[PDB]
Amino acid sequence: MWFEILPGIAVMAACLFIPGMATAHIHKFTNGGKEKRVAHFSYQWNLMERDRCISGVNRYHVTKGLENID
Amino acid sequence: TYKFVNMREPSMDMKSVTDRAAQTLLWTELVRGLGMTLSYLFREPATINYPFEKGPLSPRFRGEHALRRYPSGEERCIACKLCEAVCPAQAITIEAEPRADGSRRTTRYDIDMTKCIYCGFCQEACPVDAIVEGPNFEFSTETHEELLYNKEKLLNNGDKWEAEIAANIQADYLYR
Amino acid sequence: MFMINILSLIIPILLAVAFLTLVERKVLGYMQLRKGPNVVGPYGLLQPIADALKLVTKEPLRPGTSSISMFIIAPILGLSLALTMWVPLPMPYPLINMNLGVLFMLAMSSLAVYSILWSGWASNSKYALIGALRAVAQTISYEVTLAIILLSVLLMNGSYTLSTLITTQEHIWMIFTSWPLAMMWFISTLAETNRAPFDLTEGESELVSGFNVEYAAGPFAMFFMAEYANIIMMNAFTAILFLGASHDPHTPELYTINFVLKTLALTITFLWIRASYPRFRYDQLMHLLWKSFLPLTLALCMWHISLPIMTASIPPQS
Amino acid sequence: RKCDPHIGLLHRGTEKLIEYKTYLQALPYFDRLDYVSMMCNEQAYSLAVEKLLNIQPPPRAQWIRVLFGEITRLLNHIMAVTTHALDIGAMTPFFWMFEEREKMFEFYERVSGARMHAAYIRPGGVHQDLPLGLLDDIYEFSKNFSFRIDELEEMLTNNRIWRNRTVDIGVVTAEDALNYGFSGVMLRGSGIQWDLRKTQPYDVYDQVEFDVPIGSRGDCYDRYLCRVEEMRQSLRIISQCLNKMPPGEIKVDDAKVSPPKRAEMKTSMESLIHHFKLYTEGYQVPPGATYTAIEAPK
Amino acid sequence: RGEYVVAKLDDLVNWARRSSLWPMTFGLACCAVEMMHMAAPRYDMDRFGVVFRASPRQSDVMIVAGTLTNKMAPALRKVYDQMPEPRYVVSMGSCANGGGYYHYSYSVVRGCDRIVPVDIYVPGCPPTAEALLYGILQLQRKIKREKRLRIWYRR
Amino acid sequence: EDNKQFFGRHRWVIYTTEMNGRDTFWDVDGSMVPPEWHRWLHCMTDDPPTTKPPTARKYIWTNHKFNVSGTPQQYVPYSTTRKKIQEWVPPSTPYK
Amino acid sequence: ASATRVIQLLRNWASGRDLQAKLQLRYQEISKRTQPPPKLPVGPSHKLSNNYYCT
Ligand SMILES: COC1=C(OC)C(=O)C(C/C=C(\C)CC/C=C(\C)CC/C=C(/C)CC/C=C(/C)CC/C=C(\C)CC/C=C(\C)CC/C=C(\C)CC/C=C(\C)CC/C=C(\C)CCC=C(C)C)=C(C)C1=O
Ligand code: SF4
Ligand code: SF4
Ligand code: SF4
């Protein structure tokens, strides 16, 4: 009956779920938890580049709060 | 008595034209077609699980041929050649000869199952119900020669499907 | 961590089309009261693998009148174009955050038709050239409506970035503001991918072939997997563009689950219409777009240029 | 510009092979001419042989003929429309109504023995009487067939794609159809009110009431509608045949034309001799020429 | 072991072959009507993996359904020679097997065998749609007992 | 059998794992049905052989054989009649 | 293998008619396949007298 159709969907739905989960988790994993910063314009990229220089370890996502200055 | 199948003229009032226009833009008969395909999706499929669920037949079914024998054991065919004479495709070849004991039967009774049309005329013509078409229809083979049955293979069929052919003619002899 | 990301997209994509061929027959059969494949594995869960493995072990052969080079590259064109097109799709966070993602998918999708006639022309067959010439004017005429429909809808976006659709239809589904354009968008997607109110590209009834004329195990598999992948996306693109979903920035899995469900529902509808309508004749499918879709297309365009201005609802460019 | 239909790709020598066989032996050939009109084909040949023999079948045999003749008209019409939908492109109504065709195939097998080539209708009546309880199944199947017809026609009759694929296509005139030798639906589909079931009634077709669906435009769409309406009209003819089936024998009570009953063939001298001669030589028919015709489902 | 490895590999290929047969319909005569009933939902040929596919370049088995007339005999050979050839031929009905009813005609070849090699023979006139399903099932068994790799390993 | 199922699936057979020295665990055949049960299974009658066994006679086989095509047990057609012309036997005597 | 009422309402509404009344599958209304033996009648000429073939 029609419920026999569902296994056809399930093995596809899980397969289609992987790219959404993999990309979301890889970005978080490769950027220290926070989402990958998006730079649609040069001003966003300028913040990112200044983040890379400021962090010292040349990592844009590695962020320094108030404790960097004193 | 005749009926005009397509002589419907649509109305020109403001209501009817809008419905046709609504049908045109907002595809409705297409949705009605879609809506009914959904109805058949939820229904009960009619597929039968072959070969676990074989199809329904009738006692009159015509399949693989077989020569039957009397309850005593002696064959029913007395070589009258009625089946050979009435075979529309001439698939029957018969050769007879006086047997050692007297009453004589065929020495060659070959049925060409690749020339047979399975019309059943042989089983009607037979005055002793010797040649019959059994219920089997699953005797497909890999080689053409295996189809060309002779007396021995047909007699084997009679000794194999007898438990079924006996019941079929038992249920159908009164109709004939 | 990018090769892992790419291979976390290519393998799920090819497996999605892989079992879409099973949910095709198992849905097509049930809609025509059949049962579909349920022999190879439980409920047919292994039939496409049996299909695929055969289609990479049965003798391939180039036609005697073929053009070898163009005959071979056309499957390359079809498959690579289909895969590369999924790239900017914004499943929570898109794999490649293109600034002009919409224009990108339009450009490459307009390229997936070079495969169909390069295959047709190189095959040097009468049915091949007919099917090739049927398809090209089919797609490009359906492409004019494809471009304008996208533009009219995206005028409320303020940009061509695919990620912004998540923000645009945050509270209200986009279809509730552009449903007239949604209908022709769905029809055009049925037409660019050559499903079967306009499957004349294959034209099996009148042209026996045309998607893959003499194409064999390998190349036939490509030209199939290159168009069934387009089936899944062109509904994923429809899902992302019209039927938005809630996206919590902390738990993207809810959006991916919702996004997948909309693609699955849309894909079923692609299979659903496929077994509920006859075949459009060539002049009809061209007449439908050049004479009925386009006049409504331009009119609703002019509406959507003016609409934000009259209501003072110009979306933010950024 | 021109359509030259090269035929002869299946020119089996039927007309020459018939000469070498007897009249009974030539019966299965007509089942194998039109793969779908089985009893209708045998009915035409049976009428021709009976007309030469100046012999009529018993009333029960005639009613079974028209009953299975109309069932056959359902069979051809079911495939004619569905394969027309297949070639057009609509593949779904193919499978629904070919489930019913299997249901009618059971009736063919339950009466004659074979599912397609019944070899049932024979000169002088029919081979043997209906198996007990067949009429009930015929009534059960016909009860729901009205719905199944509505299932077919609802998805195509009003379907914009379907009409555009058939409306104003293959239009023929009235006199053009008459001169070209067109018959059956093609005259009916283009205004010509002609149907052998009413103008020249054969068997007991003068007792059943039905309506012939005359078409108006004459294009593909009108004829397809005529086919569907002819499908519905056969149900009334089926209904009348089921409700008015008379008692009696199923073959002409004359051993020199129809074979005697098996009970008598094993009991009496004359039956055995007639059975022997009828199945070896056959029934000699008076020297003459005839041209019978029936409203075949095509 | 090398023989064991070739044994499993052969089974994998043979499973992929028998589980996907795509007939190229040569519908000729009343034998074709019964075959379509096999495609009808009563028997559902599709459910066995076997689904009808045109374009003999994309088909595996021929199902000769009907009489083979001498006029079209070149067509049968040509469409047989164009199949990517892991390929098999199924003959349906007495006419296709050896001529059947028209065995003695002037324009019917006495069997489709004289034009093409023939795998499993399906007898009948017509063979019921269930009988053909048994025939296709027999071909699947025949494909199962193919030792192509074992022979290659022992060449 | 299950009468609630629609006519066609109300009866079914689960084939045996082994018959006549041929494993059929994954190799079930449609001809593996004995004739007595073949009648009931095909809906040709409603009387299972347990309730109504067919009449027993000597010539009826005691072991059903499936399709023996392919296996080295096939049926090879051959002439069932003797010779017709008797060749003259030459005399072995050295003559003269 | 008669389905749940939820499907029946959906199945009926999607088609637009009561499908449970007339169904495409024969459940039990069919005639039993084991019918009592019949008694066929005889033809009009089955007479012991005044039935000469010349007439
Ligand atoms: C008219 O209308 C019509 C249609 O519709 C409108 C139709 O639909 C159809 C179609 C017909 C039907 C649906 C009917 C039924 C028919 C079928 C179902 C046919 C089935 C066909 C198939 C092709 C089967 C598909 C099924 C499956 C299961 C496919 C499964 C897929 C696979 C096995 C492959 C999956 C992918 C894999 C394994 C990828 C692996 C990748 C890797 C390992 C990585 C590769 C990459 C790298 C390593 C990158 C790194 C390398 C580098 C950098 C190299 C660098 C090199 C240098 C030199 C520099 C027809 C005919 C039609 O008529
Ligand atoms: S059923 Fe076959 S063997 Fe018997 S008479 Fe007809 S053609 Fe000849
Ligand atoms: S009809 Fe019967 S008895 Fe006469 S030859 Fe044929 S098998 Fe023998
Ligand atoms: S064998 Fe019989 S059914 Fe098949 S094509 Fe020949 S005459 Fe027709």
# chains A, B, ... in the order shown; residues from 1 in each chain; ligands from 1
>>> closest_atom_pairs(of="chain B", to="ligand 3", cutoff="6 Å", atoms="only C-alpha atoms and all ligand atoms", output="tab-separated table")
residue	atom	partner	partner_atom_place_in_ligand_line	distance
B:77	CA	ligand 3	8 (Fe)	3.6
B:78	CA	ligand 3	3 (S)	4.6
B:79	CA	ligand 3	5 (S)	3.6
B:80	CA	ligand 3	4 (Fe)	3.9
B:81	CA	ligand 3	5 (S)	3.6
B:82	CA	ligand 3	1 (S)	4.4
B:83	CA	ligand 3	1 (S)	4.0
B:125	CA	ligand 3	1 (S)	5.6
B:126	CA	ligand 3	1 (S)	3.5
B:128	CA	ligand 3	3 (S)	5.8
B:130	CA	ligand 3	2 (Fe)	4.6
B:131	CA	ligand 3	7 (S)	4.5
>>> residues_around(residues="stretch 183-186 of chain C", least_positions_apart="2", cutoff="10 Å", atoms="only C-alpha atoms", output="compact mmCIF listing (two decimals) with N, CA and C atoms, in the first residue's frame")
# COMPACT_ATOMS: atom_id res chain seq x y z
N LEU B 25 -7.31 30.57 -16.25
CA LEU B 25 -6.18 31.07 -15.48
C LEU B 25 -5.85 30.13 -14.32
N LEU B 26 -6.77 30.00 -13.38
CA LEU B 26 -6.61 29.06 -12.27
C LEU B 26 -6.96 27.67 -12.80
N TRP B 27 -5.93 26.93 -13.20
CA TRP B 27 -6.13 25.63 -13.82
C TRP B 27 -6.93 24.71 -12.91
N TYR C 142 11.15 28.96 -23.03
CA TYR C 142 10.81 28.82 -21.61
C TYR C 142 11.83 29.51 -20.71
N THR C 145 10.65 33.43 -19.83
CA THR C 145 9.77 33.50 -18.67
C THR C 145 10.53 33.16 -17.40
N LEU C 146 11.52 32.27 -17.49
CA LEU C 146 12.30 31.90 -16.31
C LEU C 146 13.05 33.10 -15.75
N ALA C 147 13.64 33.91 -16.63
CA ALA C 147 14.41 35.05 -16.16
C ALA C 147 13.52 36.12 -15.54
N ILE C 148 12.40 36.44 -16.20
CA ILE C 148 11.55 37.53 -15.71
C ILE C 148 10.85 37.12 -14.42
N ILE C 149 10.38 35.87 -14.35
CA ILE C 149 9.72 35.40 -13.13
C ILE C 149 10.66 35.52 -11.94
N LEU C 150 11.93 35.14 -12.13
CA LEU C 150 12.90 35.27 -11.05
C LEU C 150 13.09 36.72 -10.66
N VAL C 153 9.94 38.24 -8.72
CA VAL C 153 9.89 37.76 -7.34
C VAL C 153 10.99 38.40 -6.51
N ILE C 175 5.14 32.95 -1.50
CA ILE C 175 4.08 32.59 -2.45
C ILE C 175 2.82 33.39 -2.19
N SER C 178 3.35 36.46 -4.30
CA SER C 178 3.65 36.31 -5.71
C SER C 178 3.11 35.00 -6.26
N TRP C 179 1.97 34.53 -5.75
CA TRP C 179 1.41 33.27 -6.24
C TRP C 179 1.14 33.27 -7.74
N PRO C 180 0.66 34.34 -8.38
CA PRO C 180 0.52 34.27 -9.85
C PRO C 180 1.83 33.98 -10.55
N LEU C 181 2.94 34.54 -10.06
CA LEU C 181 4.24 34.23 -10.64
C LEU C 181 4.71 32.84 -10.24
N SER C 188 7.43 26.49 -15.78
CA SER C 188 8.70 26.64 -16.47
C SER C 188 9.73 25.64 -15.96
N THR C 189 9.76 25.41 -14.64
CA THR C 189 10.65 24.39 -14.09
C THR C 189 10.31 23.01 -14.63
N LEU C 190 9.02 22.73 -14.81
CA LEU C 190 8.60 21.50 -15.46
C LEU C 190 9.10 21.43 -16.89
N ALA C 191 9.38 22.59 -17.49
CA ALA C 191 9.74 22.67 -18.90
C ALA C 191 11.25 22.69 -19.12
N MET C 234 15.40 21.90 -8.96
CA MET C 234 14.44 22.87 -9.48
C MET C 234 13.22 22.97 -8.59
N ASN C 235 13.01 21.98 -7.74
CA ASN C 235 12.06 22.04 -6.64
C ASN C 235 12.68 22.53 -5.35
N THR C 238 12.69 26.09 -6.11
CA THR C 238 11.33 26.56 -5.88
C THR C 238 11.02 26.64 -4.40
N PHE C 242 10.15 30.35 -2.79
CA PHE C 242 8.75 30.65 -2.50
C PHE C 242 8.31 30.21 -1.11
N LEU C 266 7.62 18.92 -3.12
CA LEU C 266 7.63 19.45 -4.48
C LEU C 266 8.03 18.38 -5.49
N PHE C 270 6.19 16.87 -8.93
CA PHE C 270 6.79 16.68 -10.25
C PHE C 270 6.47 15.29 -10.78
N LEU C 289 3.71 29.58 -24.02
CA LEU C 289 4.65 30.49 -23.37
C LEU C 289 4.77 31.82 -24.11
N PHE C 293 1.91 32.83 -21.51
CA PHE C 293 2.74 33.04 -20.33
C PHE C 293 3.45 34.38 -20.37
N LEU C 294 4.06 34.72 -21.50
CA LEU C 294 4.79 35.97 -21.59
C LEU C 294 3.93 37.21 -21.39
N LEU C 296 1.29 37.63 -19.55
CA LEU C 296 1.10 37.71 -18.10
C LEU C 296 2.42 37.93 -17.39
N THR C 297 3.52 37.44 -17.97
CA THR C 297 4.83 37.59 -17.35
C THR C 297 5.25 39.05 -17.28
>>> closest_residue(among="C:264, C:217, C:103, C:128", to="ligand 1", atoms="only C-alpha atoms and all ligand atoms")
C:217
>>> residues_near_ligand(ligand="ligand 2", cutoff="8 Å", atoms="only C-alpha atoms and all ligand atoms", output="short mmCIF file (atom, residue, chain, number, x, y, z; two decimals) with N, CA, C and O atoms, in the first residue's frame")
data_model
loop_
_atom_site.label_atom_id
_atom_site.label_comp_id
_atom_site.auth_asym_id
_atom_site.auth_seq_id
_atom_site.Cartn_x
_atom_site.Cartn_y
_atom_site.Cartn_z
N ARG B 62 -7.11 -24.26 -21.10
CA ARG B 62 -6.35 -25.06 -22.05
C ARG B 62 -4.87 -24.74 -21.90
O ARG B 62 -4.46 -23.60 -22.10
N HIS B 65 -0.62 -30.21 -23.13
CA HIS B 65 -1.38 -31.40 -23.50
C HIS B 65 -0.89 -32.62 -22.73
O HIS B 65 0.22 -32.64 -22.19
N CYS B 83 -8.14 -36.42 -33.61
CA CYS B 83 -7.41 -35.23 -33.18
C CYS B 83 -6.46 -34.74 -34.26
O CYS B 83 -6.34 -33.53 -34.49
N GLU B 84 -5.79 -35.67 -34.95
CA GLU B 84 -4.91 -35.27 -36.04
C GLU B 84 -5.69 -34.71 -37.22
O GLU B 84 -5.23 -33.76 -37.87
N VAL B 86 -8.56 -33.07 -37.17
CA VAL B 86 -9.22 -31.80 -36.90
C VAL B 86 -8.26 -30.71 -36.45
O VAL B 86 -8.66 -29.55 -36.35
N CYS B 87 -7.00 -31.05 -36.18
CA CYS B 87 -6.02 -30.07 -35.73
C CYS B 87 -5.88 -28.95 -36.76
O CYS B 87 -5.43 -29.21 -37.89
N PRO B 88 -6.28 -27.72 -36.43
CA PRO B 88 -6.20 -26.63 -37.42
C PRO B 88 -4.80 -26.35 -37.91
O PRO B 88 -4.64 -25.92 -39.06
N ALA B 89 -3.78 -26.54 -37.08
CA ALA B 89 -2.41 -26.24 -37.46
C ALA B 89 -1.61 -27.48 -37.84
O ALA B 89 -0.41 -27.36 -38.09
N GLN B 90 -2.24 -28.65 -37.89
CA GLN B 90 -1.58 -29.90 -38.27
C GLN B 90 -0.38 -30.19 -37.37
O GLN B 90 0.63 -30.73 -37.81
N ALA B 91 -0.51 -29.83 -36.10
CA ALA B 91 0.55 -30.06 -35.14
C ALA B 91 0.60 -31.50 -34.65
O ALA B 91 1.55 -31.86 -33.95
N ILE B 92 -0.39 -32.31 -34.99
CA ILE B 92 -0.50 -33.69 -34.52
C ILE B 92 -0.01 -34.61 -35.63
O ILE B 92 -0.42 -34.47 -36.79
N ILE B 111 3.06 -34.26 -30.72
CA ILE B 111 2.40 -32.96 -30.77
C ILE B 111 3.47 -31.90 -30.88
O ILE B 111 4.39 -31.85 -30.05
N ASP B 112 3.37 -31.05 -31.90
CA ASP B 112 4.32 -29.96 -32.07
C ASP B 112 3.82 -28.76 -31.29
O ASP B 112 2.97 -28.00 -31.77
N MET B 113 4.33 -28.58 -30.07
CA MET B 113 3.84 -27.53 -29.19
C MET B 113 4.26 -26.13 -29.64
O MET B 113 3.74 -25.15 -29.10
N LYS B 115 3.91 -25.53 -32.94
CA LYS B 115 2.93 -25.38 -34.00
C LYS B 115 1.50 -25.41 -33.49
O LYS B 115 0.60 -25.01 -34.22
N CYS B 116 1.29 -25.87 -32.26
CA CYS B 116 -0.04 -25.91 -31.67
C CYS B 116 -0.58 -24.50 -31.46
O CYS B 116 0.15 -23.58 -31.10
N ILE B 117 -1.89 -24.34 -31.67
CA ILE B 117 -2.58 -23.09 -31.39
C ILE B 117 -3.40 -23.16 -30.12
O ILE B 117 -4.06 -22.18 -29.77
N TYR B 118 -3.38 -24.30 -29.42
CA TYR B 118 -4.08 -24.46 -28.14
C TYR B 118 -5.56 -24.14 -28.28
O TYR B 118 -6.18 -23.55 -27.39
N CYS B 119 -6.15 -24.53 -29.41
CA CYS B 119 -7.56 -24.30 -29.64
C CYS B 119 -8.45 -25.27 -28.89
O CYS B 119 -9.64 -24.99 -28.70
N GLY B 120 -7.91 -26.40 -28.46
CA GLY B 120 -8.70 -27.39 -27.75
C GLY B 120 -9.52 -28.29 -28.64
O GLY B 120 -10.25 -29.14 -28.11
N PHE B 121 -9.42 -28.15 -29.96
CA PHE B 121 -10.23 -28.97 -30.85
C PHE B 121 -9.90 -30.45 -30.71
O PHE B 121 -10.75 -31.30 -30.98
N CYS B 122 -8.67 -30.77 -30.30
CA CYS B 122 -8.30 -32.18 -30.15
C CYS B 122 -9.10 -32.84 -29.04
O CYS B 122 -9.55 -33.98 -29.20
N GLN B 123 -9.30 -32.15 -27.92
CA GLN B 123 -9.97 -32.77 -26.79
C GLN B 123 -11.47 -32.90 -27.04
O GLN B 123 -12.13 -33.76 -26.45
N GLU B 133 -6.02 -31.06 -22.82
CA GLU B 133 -5.14 -29.95 -22.50
C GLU B 133 -5.17 -29.73 -21.00
O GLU B 133 -6.20 -29.36 -20.44
N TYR E 101 0.43 -21.26 -36.00
CA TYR E 101 -0.69 -21.43 -36.93
C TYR E 101 -0.25 -21.21 -38.37
O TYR E 101 -0.71 -21.93 -39.27
#
>>> residues_around(residues="stretch 68-79 of chain E", least_positions_apart="4", cutoff="8 Å", atoms="only C-alpha atoms", output="CSV table (one decimal) with N, CA and C atoms, in the first residue's frame")
chain,number,residue,atom,x,y,z
D,8,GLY,N,2.0,-4.8,-44.6
D,8,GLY,CA,2.4,-6.1,-45.0
D,8,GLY,C,3.5,-6.6,-44.1
D,9,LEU,N,3.9,-5.9,-43.1
D,9,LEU,CA,4.9,-6.4,-42.2
D,9,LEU,C,4.4,-7.5,-41.3
D,10,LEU,N,3.1,-7.8,-41.4
D,10,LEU,CA,2.6,-9.0,-40.7
D,10,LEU,C,1.6,-9.7,-41.7
D,11,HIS,N,2.0,-9.8,-42.9
D,11,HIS,CA,1.1,-10.5,-43.9
D,11,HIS,C,1.2,-12.0,-43.8
D,12,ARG,N,0.6,-12.5,-42.7
D,12,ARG,CA,0.5,-13.9,-42.6
D,12,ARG,C,-0.6,-14.4,-43.6
E,28,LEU,N,4.2,-7.4,-32.3
E,28,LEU,CA,3.8,-7.8,-33.7
E,28,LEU,C,2.3,-8.2,-33.8
E,56,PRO,N,16.5,0.4,-28.5
E,56,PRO,CA,17.3,-0.8,-28.2
E,56,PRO,C,18.7,-0.5,-27.8
E,83,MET,N,21.6,-3.9,-30.0
E,83,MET,CA,21.5,-4.0,-28.6
E,83,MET,C,22.9,-4.1,-27.9
E,95,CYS,N,3.7,-18.9,-32.8
E,95,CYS,CA,4.1,-18.4,-34.1
E,95,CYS,C,5.6,-17.9,-34.0
E,96,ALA,N,5.9,-17.2,-32.9
E,96,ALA,CA,7.3,-16.8,-32.8
E,96,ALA,C,8.3,-17.9,-32.6
E,107,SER,N,4.8,-16.6,-46.5
E,107,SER,CA,5.4,-15.4,-46.1
E,107,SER,C,5.6,-15.3,-44.6
E,108,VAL,N,5.7,-16.4,-43.9
E,108,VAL,CA,6.0,-16.5,-42.5
E,108,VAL,C,7.1,-17.4,-42.3
E,109,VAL,N,8.2,-17.0,-41.7
E,109,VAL,CA,9.4,-17.8,-41.5
E,109,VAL,C,9.0,-18.8,-40.3
E,111,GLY,N,9.5,-19.9,-37.5
E,111,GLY,CA,10.2,-19.6,-36.2
E,111,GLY,C,11.1,-18.5,-36.2
E,112,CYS,N,11.1,-17.7,-35.2
E,112,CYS,CA,12.1,-16.6,-35.1
E,112,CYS,C,13.5,-17.0,-34.9
E,115,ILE,N,16.3,-16.3,-37.6
E,115,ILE,CA,16.8,-15.0,-37.7
E,115,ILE,C,17.8,-14.6,-36.6
E,116,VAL,N,17.4,-15.0,-35.3
E,116,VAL,CA,18.2,-14.6,-34.2
E,116,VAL,C,18.3,-15.8,-33.2
>>> residues_near_ligand(ligand="ligand 4", cutoff="10 Å", atoms="only C-alpha atoms and all ligand atoms", output="ChimeraX atom specification")
/B:114-119 /D:10,12,28-35,116-117 /E:27-34,64-68,91-103,122-128
>>> interface_residues(of="chain B", to="chain E", cutoff="8 Å", atoms="only C-alpha atoms", output="compact mmCIF listing (two decimals) with N, CA, C and O atoms, in the first residue's frame")
# COMPACT_ATOMS: atom_id res chain seq x y z
N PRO B 45 -3.61 -1.48 -4.50
CA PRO B 45 -3.07 -2.04 -5.74
C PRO B 45 -3.57 -3.46 -5.95
O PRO B 45 -3.78 -4.22 -5.00
N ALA B 46 -3.74 -3.83 -7.22
CA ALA B 46 -4.30 -5.12 -7.58
C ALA B 46 -3.24 -6.15 -7.94
O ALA B 46 -3.59 -7.24 -8.39
N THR B 47 -1.96 -5.83 -7.75
CA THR B 47 -0.91 -6.75 -8.14
C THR B 47 -0.97 -8.02 -7.31
O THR B 47 -1.14 -7.98 -6.09
N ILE B 48 -0.81 -9.16 -7.97
CA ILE B 48 -0.78 -10.46 -7.31
C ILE B 48 0.66 -10.93 -7.23
O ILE B 48 1.41 -10.82 -8.21
N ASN B 49 1.06 -11.42 -6.06
CA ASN B 49 2.45 -11.76 -5.79
C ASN B 49 2.81 -13.05 -6.51
O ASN B 49 2.77 -14.14 -5.93
N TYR B 50 3.15 -12.93 -7.78
CA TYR B 50 3.67 -14.08 -8.51
C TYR B 50 5.09 -14.39 -8.05
O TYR B 50 5.88 -13.48 -7.81
N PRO B 51 5.45 -15.68 -7.94
CA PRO B 51 4.65 -16.88 -8.16
C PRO B 51 4.00 -17.41 -6.89
O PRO B 51 3.47 -18.51 -6.88
N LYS B 54 -0.64 -17.30 -7.67
CA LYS B 54 -0.95 -17.52 -9.07
C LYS B 54 -2.35 -17.03 -9.40
O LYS B 54 -3.23 -16.96 -8.54
N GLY B 55 -2.56 -16.69 -10.67
CA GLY B 55 -3.80 -16.10 -11.10
C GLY B 55 -4.96 -17.07 -11.07
O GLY B 55 -4.78 -18.28 -11.00
N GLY B 63 -4.08 -25.75 -21.55
CA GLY B 63 -2.65 -25.56 -21.38
C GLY B 63 -1.83 -26.67 -22.01
O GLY B 63 -2.05 -27.02 -23.17
N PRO B 88 -6.28 -27.72 -36.43
CA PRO B 88 -6.20 -26.63 -37.42
C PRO B 88 -4.80 -26.35 -37.91
O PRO B 88 -4.64 -25.92 -39.06
N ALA B 89 -3.78 -26.54 -37.08
CA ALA B 89 -2.41 -26.24 -37.46
C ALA B 89 -1.61 -27.48 -37.84
O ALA B 89 -0.41 -27.36 -38.09
N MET B 113 4.33 -28.58 -30.07
CA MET B 113 3.84 -27.53 -29.19
C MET B 113 4.26 -26.13 -29.64
O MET B 113 3.74 -25.15 -29.10
N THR B 114 5.18 -26.01 -30.59
CA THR B 114 5.45 -24.73 -31.21
C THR B 114 4.59 -24.49 -32.45
O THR B 114 4.56 -23.37 -32.96
N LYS B 115 3.91 -25.53 -32.94
CA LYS B 115 2.93 -25.38 -34.00
C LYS B 115 1.50 -25.41 -33.49
O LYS B 115 0.60 -25.01 -34.22
N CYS B 116 1.29 -25.87 -32.26
CA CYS B 116 -0.04 -25.91 -31.67
C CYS B 116 -0.58 -24.50 -31.46
O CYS B 116 0.15 -23.58 -31.10
N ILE B 117 -1.89 -24.34 -31.67
CA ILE B 117 -2.58 -23.09 -31.39
C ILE B 117 -3.40 -23.16 -30.12
O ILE B 117 -4.06 -22.18 -29.77
N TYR B 118 -3.38 -24.30 -29.42
CA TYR B 118 -4.08 -24.46 -28.14
C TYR B 118 -5.56 -24.14 -28.28
O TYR B 118 -6.18 -23.55 -27.39
N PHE B 137 0.45 -24.31 -17.45
CA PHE B 137 0.84 -23.33 -18.46
C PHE B 137 2.24 -22.80 -18.18
O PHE B 137 2.59 -21.73 -18.70
N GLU B 138 3.04 -23.50 -17.39
CA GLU B 138 4.38 -23.06 -17.02
C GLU B 138 5.42 -24.06 -17.50
O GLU B 138 6.32 -24.43 -16.75
N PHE B 139 5.29 -24.52 -18.74
CA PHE B 139 6.24 -25.46 -19.33
C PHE B 139 7.14 -24.76 -20.34
O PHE B 139 7.52 -25.34 -21.36
N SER B 140 7.48 -23.51 -20.06
CA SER B 140 8.44 -22.79 -20.88
C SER B 140 9.80 -23.47 -20.80
O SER B 140 10.20 -23.98 -19.75
N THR B 141 10.52 -23.46 -21.92
CA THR B 141 11.79 -24.16 -22.02
C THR B 141 12.84 -23.26 -22.65
O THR B 141 12.53 -22.25 -23.28
N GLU B 142 14.10 -23.66 -22.49
CA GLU B 142 15.22 -22.91 -23.03
C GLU B 142 15.54 -23.25 -24.47
O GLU B 142 16.14 -22.42 -25.17
N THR B 143 15.17 -24.44 -24.94
CA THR B 143 15.50 -24.88 -26.28
C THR B 143 14.23 -25.22 -27.05
O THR B 143 13.25 -25.71 -26.48
N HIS B 144 14.26 -24.95 -28.36
CA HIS B 144 13.09 -25.20 -29.19
C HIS B 144 12.74 -26.68 -29.26
O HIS B 144 11.56 -27.03 -29.32
N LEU B 147 10.23 -28.36 -26.80
CA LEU B 147 8.80 -28.17 -26.99
C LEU B 147 8.17 -29.28 -27.81
O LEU B 147 6.99 -29.60 -27.62
>>> interface_residues(of="chain B", to="chain A", cutoff="12 Å", atoms="only C-alpha atoms", output="list in words")
residues 38, 39, 40, 41, 42, 43, 44, 45, 46 and 47 of chain B
>>> interface_residues(of="chain D", to="chain B", cutoff="9 Å", atoms="only C-alpha atoms", output="VMD selection string")
chain D and resid 21 to 22 24 to 28 92 99 106 109 to 115 117 to 119 127 to 131 151 154 to 156 158 to 161 193 198 209 to 217 222 225 to 226 229 261 to 263 265 to 266 272 275 to 276 279 to 281
